[PDB]
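There are 2 protein chains.
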Amino acid sequence: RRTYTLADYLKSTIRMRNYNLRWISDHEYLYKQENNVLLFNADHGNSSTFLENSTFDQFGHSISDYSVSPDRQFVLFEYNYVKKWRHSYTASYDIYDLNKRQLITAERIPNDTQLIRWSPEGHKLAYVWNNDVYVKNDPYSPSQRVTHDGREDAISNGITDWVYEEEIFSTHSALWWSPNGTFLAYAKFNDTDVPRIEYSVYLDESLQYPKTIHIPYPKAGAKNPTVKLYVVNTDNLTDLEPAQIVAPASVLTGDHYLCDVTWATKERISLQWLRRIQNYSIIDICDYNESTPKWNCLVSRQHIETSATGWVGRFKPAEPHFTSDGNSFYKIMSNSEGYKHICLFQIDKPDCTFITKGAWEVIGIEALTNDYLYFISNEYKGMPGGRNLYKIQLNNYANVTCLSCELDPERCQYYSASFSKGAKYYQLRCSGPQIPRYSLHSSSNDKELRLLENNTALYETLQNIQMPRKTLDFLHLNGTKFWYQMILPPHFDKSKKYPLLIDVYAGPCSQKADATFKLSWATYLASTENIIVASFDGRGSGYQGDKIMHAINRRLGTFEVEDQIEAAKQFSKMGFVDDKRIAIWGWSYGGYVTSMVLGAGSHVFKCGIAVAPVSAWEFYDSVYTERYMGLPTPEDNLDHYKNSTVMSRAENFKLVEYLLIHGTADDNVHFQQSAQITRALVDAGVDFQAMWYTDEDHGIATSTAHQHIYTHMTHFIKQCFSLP
Amino acid sequence: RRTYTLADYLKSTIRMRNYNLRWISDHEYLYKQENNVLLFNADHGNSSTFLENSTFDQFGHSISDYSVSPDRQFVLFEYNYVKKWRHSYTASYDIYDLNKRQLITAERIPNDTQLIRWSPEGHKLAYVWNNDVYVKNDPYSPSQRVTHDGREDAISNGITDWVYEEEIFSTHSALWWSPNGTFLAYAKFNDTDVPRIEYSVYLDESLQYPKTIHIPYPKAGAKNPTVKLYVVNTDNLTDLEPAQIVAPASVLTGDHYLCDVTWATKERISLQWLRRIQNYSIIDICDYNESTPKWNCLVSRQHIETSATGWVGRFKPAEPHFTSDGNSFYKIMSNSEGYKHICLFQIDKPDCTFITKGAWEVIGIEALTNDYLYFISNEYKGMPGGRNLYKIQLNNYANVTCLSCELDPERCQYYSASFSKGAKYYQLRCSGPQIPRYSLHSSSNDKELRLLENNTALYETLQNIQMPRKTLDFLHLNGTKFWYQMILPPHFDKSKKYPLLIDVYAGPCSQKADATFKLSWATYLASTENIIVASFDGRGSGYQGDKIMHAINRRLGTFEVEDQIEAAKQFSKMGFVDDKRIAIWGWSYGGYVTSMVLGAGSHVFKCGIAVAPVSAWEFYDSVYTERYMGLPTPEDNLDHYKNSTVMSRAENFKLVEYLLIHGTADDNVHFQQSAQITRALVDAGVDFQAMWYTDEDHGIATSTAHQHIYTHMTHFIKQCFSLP
Ligand SMILES: *[C@@H]1O[C@H](CO)[C@@H](O[C@@H]2O[C@H](CO)[C@@H](O[C@@H]3O[C@H](CO)[C@@H](O)[C@H](O)[C@@H]3O)[C@H](O)[C@H]2NC(C)=O)[C@H](O)[C@H]1NC(C)=O
Ligand SMILES: *[C@@H]1O[C@H](CO)[C@@H](O[C@@H]2O[C@H](CO)[C@@H](O[C@@H]3O[C@H](CO)[C@@H](O)[C@H](O)[C@@H]3O)[C@H](O)[C@H]2NC(C)=O)[C@H](O)[C@H]1NC(C)=O
Ligand SMILES: *[C@@H]1O[C@H](CO)[C@@H](O[C@@H]2O[C@H](CO)[C@@H](O)[C@H](O)[C@H]2NC(C)=O)[C@H](O)[C@H]1NC(C)=O
Ligand SMILES: *[C@@H]1O[C@H](CO)[C@@H](O[C@@H]2O[C@H](CO)[C@@H](O)[C@H](O)[C@H]2NC(C)=O)[C@H](O)[C@H]1NC(C)=O
Ligand SMILES: *[C@@H]1O[C@H](CO)[C@@H](O[C@@H]2O[C@H](CO)[C@@H](O)[C@H](O)[C@H]2NC(C)=O)[C@H](O)[C@H]1NC(C)=O
Ligand SMILES: *[C@@H]1O[C@H](CO)[C@@H](O[C@@H]2O[C@H](CO)[C@@H](O)[C@H](O)[C@H]2NC(C)=O)[C@H](O)[C@H]1NC(C)=O
Ligand SMILES: *[C@@H]1O[C@H](CO)[C@@H](O[C@@H]2O[C@H](CO)[C@@H](O)[C@H](O)[C@H]2NC(C)=O)[C@H](O)[C@H]1NC(C)=O
Ligand SMILES: *[C@@H]1O[C@H](CO)[C@@H](O[C@@H]2O[C@H](CO)[C@@H](O)[C@H](O)[C@H]2NC(C)=O)[C@H](O)[C@H]1NC(C)=O
Ligand SMILES: *[C@@H]1O[C@H](CO)[C@@H](O[C@@H]2O[C@H](CO)[C@@H](O)[C@H](O)[C@H]2NC(C)=O)[C@H](O)[C@H]1NC(C)=O
Ligand SMILES: *[C@@H]1O[C@H](CO)[C@@H](O)[C@H](O)[C@H]1NC(C)=O
Ligand SMILES: *[C@@H]1O[C@H](CO)[C@@H](O)[C@H](O)[C@H]1NC(C)=O
Ligand SMILES: *[C@@H]1O[C@H](CO)[C@@H](O)[C@H](O)[C@H]1NC(C)=O
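In structure tokens form, the structure reads like this:
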């Protein structure tokens, strides 16, 4: 029987399908099929061809994306897509009028447009061009320029800078339409005094001279960009200047962040602010006073969230989900025991009321109606690495009803959901630990309407392959239960002793051990090279309580490192793991941990790989770093900024085999970091291996580069484990 | 018996001494001994302490170097040394009076001084600070400012830019005093429109953001800097200005280089100009007029040098060696048979007379007397790799007497000399093949006056070691003699079979197969690991004829590559070479040839190492590249610029093991060149090994890095050669 070879991983020979849809109603969604865009109605099961693939290639050129207007009158076509960063880009957009079924030729959308978003209702447009905000009341209507200070690397209106897109918003967008489309809320960023990172780009062999790329990148303690929030009335845009909503006073004592903007009603806006010392968060509720007319942000509806053991939220404070009347909201907060649970806020009330509790966390709030609230939790079977859909009755909080627990309990233990408007229907997505699945459900009776994708083709293709097995198990460290996972080789024999390879992230609020089904590189090693690939969620991990999560606070590189070693020591006690063939590798925080582990002097690991590793917290951006480590000042936390460098551990690298990989175009984890490591390894008489990948970004993902780094790492591990 | 250990190379426990001296008279020379500067009198032989080691330490700073005035009244002390580039720096200077045993504190020399030069007679000073020339007729005097348009990276007066420093002048100085100290000639460079290479420098772990380093670097085809030559009357300057000496019309038809400036008499100057297409140079003899025009350059005394087969000279045209009257000069030129020989030029007459001939070349003219001319050639036994001192009676060209050939014909075959003023005495300098030896001679009888350094302790300390033996042999390629060297392991047994390591430079006018004595890394591989290390000098090599050397013209990366292969194949046919264990490595042109050899698909070499290689001549500087490859224009030589890249040979790297090393702060061979290779090797799916060295220049020389790179390369060889 065939095995999962390396070519099977790198060539995507074994494709896993999914089912991605866009709810455009309370009962209709769009789905792309055979390059056609089909419009499905879940209330009747009937579906029409909404957008022929004929009218996708008959424009002049290849179209990259689409976005249909909420009134289904116009379609945006995106083409000439040029990648900027993780979530950012610039492209040209066309407008396709569906009433005439004709392409719009006048009042077009300029080339090099950065952002674009429809209004929630109707057909109004807002786009960002040369870092300025423009609005179009109609595709057949001239643009209205809102801002005029758009300066590259200085001022951005409506689009995020680098740190916000990466570490806060997780999207390039800084436009927020009002539900009626009357108001637009946009953010203005100012990176004028933010220091710049500079790295060279060695483009095609034609380029005689390299390019120098500049990016405003505040490192730990550096000058941070400012943000201001302005609101604009689209219906009477030529009456007043954009109205700034000043941040609350609580956050104005120094530098601060803007982390979320949500619309409660057609005339009420909510702003989540965050201090720079990220243990203080506040929600401001602002109503439109049509008199002056200003935005009236009453103090009595300010809502504070703090943390005594560290920072607020998991990565950033939870976003509020307002009720249909915008006079209350539900947001996730840590209870007294330190577990993320759902709390009920009244806009005018100073306290919140918890509606869920237990020794388990709530992952997120998925949908909200007047009678039920839908959410995801890791409560089922007390397994933190699982995800299941629940619903809460808003009259009797004791009446919690899991919607995914008993559907296929052996095959599916990791669910997610995508709801429609008003939570009439919801798409269920199972991710593991067996073959994924996608189904359509109706919230009225929670019955499966139809099976969207079963991956049956995947199922039979794996039947002919000696696939490895994934075990979800746990262990105890100083009396605390800690979960881990093992990818076991096929025909696993506990009497025989296998080599061990540890996959690390160990990042704050990370979770590497979970009931998810992946066709990864580890799948190759176990199925073919018969290597046990493990991952251990120790201290600093998430979804297990603020006790375990905040243990790493202000002490990065201390406990998440020891516990990877200590768990590795536990694995040796088992009778099926070779003591002399234990390895480790990571990526962008594992590479930090993997490096910091090999420098611990543990005599546990034989070799290691660090891919785009962090080497010192002095080098990473302030938003992620200062959240867990604070400021590098002698008065705040400068001590452990220095005590936690990989370079301080060079001498102990004489005992292991180090392989260091890093891409040169890395805008996230700068090549400066790996360079500082090698200088410490060189200056210490330590021999090691290295490999750069030219013009590859942080997540090395170019087809040629993705295949090369893993084919390189396979040779390394096989040489370290003395494998064929 | 012990062997030459790797630690013996990297730690230099087994030191080799040398005798370095500064002739300050016709019979006196300065010599440093235990940090004391001693004055020696060659005539009788006695000695006296000229400068105590109390100094260099009694002043508040460690003194790097010293320089004594010709009239022996003042001494310069160099401190605050900050290395700029290869031959450049910037440092601070203190002036010390000898008649008063005092340190001058009035009218001091500024810090951050970029150059300093004494007049050849008297004690006139000339230093360059902020790219402007300042002059002092006496150390106790103010500094008259000559130029005022100095600007960083834009204009340089008196100091070279990068390309002139590296590829023409081999010095940072662009000052030329007249013999009487009356005139000062200085050149002015303009890099205003020359593109700037940029690379990042990752300083100490405490240095948060990296520093971008800009350097005016004209790559092949780019805009070269302009150069103008001015002369100043130092005696009466407050009245007069500098006087420009315009280049000949022969050279003003385009871009041109200034390659030499020599003072014939107190009022006569010789300028060597060079066309950008380096097959046309001219010497200009310019006389001083007591009225305007300040400098009268007669047309009838222009002297022009051309080459129809390639470029002019070896690296640059030979410099002229004037007679005492300045009415004639000897210089090295190619004859009709293509052999560099000495020619006698007469200023006014347009032809020259060869005073030497034969199928061998002259290396350099060492000294000129009114009766004899001393020079260095490779005539003895027809060995190009040997150097000996000869002398010609300037009356009887037939009386050509060797002064070193038959001293120790078994120990010494690679001589050089450092003559005194007027050539009364000359230090003989033997460099191999056996242990070096330094002796002092008298010109009147060529009789050894005394033995300066015999390296006796080095002789004894070597007999404790199984030291290798180096053979200088030759082979015929297509009926053309080609020489090679073989470092042979001790106790050589031609019945056995040895691994083969081919050290490659193979650059134009290069010589890797000589009769010199080096304690190198090749010694370790032969003494300890029993590896034969060979070096072959094929087509493109110098000192053998312009037929052999200019065969590389406009065809770089073609013939010097193939010849290395076939010589290795001829090494394969030998009975003592393991065909399956042949490897090759090189540095900075060898890395180019090594990479180009491994890409040829010859199945000859098993593995290879390329350290700081050239990947594409499009990326190297113009002065070097255009000299041998022409212009990368579709009309001149664009094609073999394209055809000669390493990246075009990526596929054939699947058959060899490849290790690529490069310094991140390399300004000579930019990191871009290595990065372009890996991208082609990544795009071809070829696995290889790489290793960067942060902030290491082209000649990776940091004490820590130098050990790490040779240690890293040894592991690669042993693994490739299947050794312990
Ligand atoms: C974007 O940010 C930059 C810098 O973060 C802002 O410009 C800077 O504004 C400050 C004051 O806010 C200026 O500093 C000093 O102001 C005092 C006032 O007494 C004055 O006396 C000093 O001479 C000095 O100017 C600073 O000069 C200025 N820097 C600039 C203009 O480069 C800028 O206003 C921000 N823009 C937006 C749209 O947010
Ligand atoms: C150092 O080199 C720079 C760049 O070559 C010199 O400045 C440049 O001079 C040229 C003229 O040779 C200017 O080009 C154009 O000339 C035409 C002639 O009609 C004129 O119409 C244009 O308006 C322009 O002047 C060029 O602008 C100028 N570039 C600058 C000043 O940045 C410079 O003179 C050289 N310096 C020395 C000391 O030799
Ligand atoms: C969208 O909502 C806004 C605010 O609710 C509407 O604006 C107000 O509309 C009311 C009546 O609905 C008027 O009495 C006010 O004079 C309006 N004030 C402002 C500032 O607009 C807006 O008309 C609504 N638009 C649509 C298309 O529903
Ligand atoms: C948020 O964290 C900061 C520092 O991490 C806390 O600042 C402390 O403030 C008190 C004043 O009440 C000082 O006495 C301490 O010295 C401060 N600590 C440091 C390390 O500077 C702040 O109290 C925290 N906020 C909350 C609400 O817990
Ligand atoms: C959807 O795919 C699953 C596989 O994940 C199918 O379930 C298997 O069906 C076979 C029948 O031959 C049983 O023997 C297996 O035990 C089942 N496995 C699991 C994990 O349930 C299922 O039949 C497919 N459904 C459809 C409609 O095709
Ligand atoms: C060492 O060489 C020096 C060279 O300067 C000799 O210098 C002598 O200096 C005295 C001083 O009055 C003169 O009178 C002599 O004429 C110099 N000698 C010569 C040869 O010129 C010095 O003599 C030498 N050493 C000794 C011990 O005499
Ligand atoms: C150095 O040489 C220069 C030129 O050879 C001398 O300058 C000339 O000196 C003579 C007589 O002293 C004058 O008639 C000329 O007018 C001078 N010409 C110039 C250009 O200066 C100079 O005097 C000599 N100085 C020394 C110290 O030897
Ligand atoms: C110096 O080199 C150039 C370039 O190789 C030579 O220019 C050639 O000249 C001949 C005759 O004028 C032309 O037919 C060629 O087309 C020229 N080649 C180029 C590339 O322009 C020039 O002749 C050489 N100089 C000497 C003295 O031989
Ligand atoms: C100078 O050094 C050379 C070699 O470095 C010495 O020459 C050797 O001398 C020994 C006698 O002890 C002979 O056995 C060797 O055959 C000699 N070798 C050569 C190449 O000649 C020489 O003795 C040293 N001279 C002094 C004065 O120390
Ligand atoms: C376009 O859609 C039709 C609908 O069946 C399908 O047959 C055809 O293959 C599609 N073409 C492309 C290029 O996707
Ligand atoms: C489904 O049927 C209803 C009623 O028959 C119709 O109004 C609707 O348009 C149909 N769906 C589509 C996508 O046309
Ligand atoms: C200085 O010179 C004296 C005289 O020979 C010598 O004894 C001493 O060791 C020297 N000191 C240094 C530091 O070179």
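As they're listed, the protein sequences go chains A and E.
Start counting the first sequence at 38; every next residue gets the next number (PDB author numbering).
Start counting the second sequence at 38; every next residue gets the next number (PDB author numbering).
For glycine and all other residues, C-beta sits at the position ideal for the given N, C-alpha and C.
How big is the Cα-Cα spacing for residue i and residue j?
i: residue 765 of chain E; j: residue 54 of chain E; result: Absent from the model: residue 765 of chain E. The displayed extent of chain E is 38 to 761, so no value can be given.
i: residue 425 of chain E; j: residue 378 of chain E; result: 15 angstroms
i: residue 281 of chain A; j: residue 326 of chain A; result: 14 angstroms
i: residue 339 of chain A; j: residue 480 of chain A; result: 34 angstroms
i: residue 47 of chain E; j: residue 750 of chain E; result: 13 angstroms
i: residue 748 of chain E; j: residue 695 of chain E; result: 16 angstroms
i: residue 74 of chain A; j: residue 484 of chain A; result: 26 angstroms
If contact is defined by three or more beta carbon pairs under 8 angstroms, each pair taking one atom from either stretch, is the segment 708-716 of chain E in contact with the segment 243-262 of chain E? Not touching, per the Cβ criterion.
Closer than 9 angstroms between beta carbons: that is the criterion. Which residues of the segment 78-100 of chain A meet it against chain E? If you check each beta-carbon in the segment 78-100 of chain A against every beta-carbon of chain E, none falls closer than 9 angstroms.
Which residues of the segment 246-257 of chain A have a Cβ closer than 7 angstroms to any Cβ of chain E? Give them in chain order. Cβ contacts with chain E come from 246, 247, 249 and 256.
Contact between the segment 718-725 of chain E and the segment 204-217 of chain E (3+ Cβ pairs under 8 angstroms): The segment 718-725 of chain E is not in contact with the segment 204-217 of chain E.
Chain-ordered list of residues that sit, by beta carbon, closer than 5 angstroms to a heavy atom of ligand 2: Having a Cβ closer than 5 angstroms to some heavy atom of ligand 2 are E/227, E/229 and E/230.
Which residues are close to ligand 6, meaning CB closer than 7 angstroms to any heavy atom, in chain order? Checking every Cβ against the heavy atoms of ligand 6 under 7 angstroms gives E/78, E/81, E/83 and E/85.
Interface residues of the segment 272-299 of chain E facing chain A [CB-CB below 7 angstroms]: For the segment 272-299 of chain E, the beta-carbon criterion of a distance under 7 angstroms to any beta-carbon of chain A is satisfied by none of its residues.
Anything with a beta carbon under 6 angstroms from a heavy atom of ligand 10 counts; list them all in chain order. That query returns the following residues: A/71, A/72, A/73 and A/90.
Quick one, which residues of the segment 225-240 of chain E are near chain A if we go by CB-CB under 8 angstroms, in chain order? Those residues of the segment 225-240 of chain E that come within reach of chain A (Cβ to Cβ, closer than 8 angstroms) are 232, 234, 235, 236, 237 and 239.
Proximal residues, the segment 439-453 of chain A versus chain E, C-beta separation under 7 angstroms: So nothing in the stretch comes that close.
Give the residues from the segment 127-151 of chain A that approach chain E closer than 9 angstroms (Cβ to any Cβ), ordered along the chain. Interface annotation for the segment 127-151 of chain A against chain E: empty, criterion Cβ-Cβ distance under 9 angstroms.
Could you list the residues in the segment 639-661 of chain E with a C-beta less than 8 angstroms from some C-beta on chain A, going in chain order? Answer set for the segment 639-661 of chain E: 653, 655 and 656.
Taking a Cβ distance cut-off of 8 angstroms, strictly less, list which residues of the segment 725-757 of chain A are near chain E, in chain order. Here the close residues are 726, 727, 728, 729, 730, 731, 732, 741, 742, 744, 745, 748, 749 and 752.
Any residue with its Cβ nearer than 5 angstroms to a heavy atom of ligand 5 should be included. What is that list in chain order? Listed by position along the chain, the residues with Cβ atoms less than 5 angstroms from a non-hydrogen atom of ligand 5 are A/448, A/472, A/491, A/493 and A/496.
Segment contact flag, the segment 188-199 of chain A with the segment 222-231 of chain A, C-beta cutoff 8 angstroms, min 3 pairs: Result yes; three or more Cβ-Cβ pairs closer than 8 angstroms.
Interface positions of the segment 679-700 of chain A facing chain E (Cβ-Cβ less than 8 angstroms), listed along the chain: From the segment 679-700 of chain A, only 682 and 684 have a Cβ closer than 8 angstroms to chain E.
Within the structure, which residues are defined as neighbours of ligand 3 by a Cβ-heavy atom distance below 6 angstroms, reported in chain order? My final list is A/217, A/219, A/272, A/303, A/304 and A/327.
According to a CB-to-CB cut-off of less than 7 angstroms, which residues of the segment 662-678 of chain E neighbour chain A? Cβ contacts with chain A: none found.
At 4 residues or longer, what runs of the alpha helix (DSSP H) sit wholly inside the segment 698-744 of chain E? Segments of the alpha helix (DSSP H) lying fully in the segment 698-744 of chain E: 708-720.
Closer than 8 angstroms is the cut-off here; do at least three beta carbon pairs connect the segment 445-454 of chain E with the segment 723-742 of chain A? No: the two stretches stay apart, fewer than three of their Cβ pairs being nearer than 8 angstroms.
Taking the runs of the beta strand (DSSP E) that are 3 residues or longer, which of them lie wholly in the segment 131-158 of chain A? Listed in chain order, they are 152-155.
What residues in the segment 706-717 of chain E have a beta carbon less than 7 angstroms from any beta carbon of chain A? Cβ contacts with chain A come from 709, 712, 713, 715 and 716.
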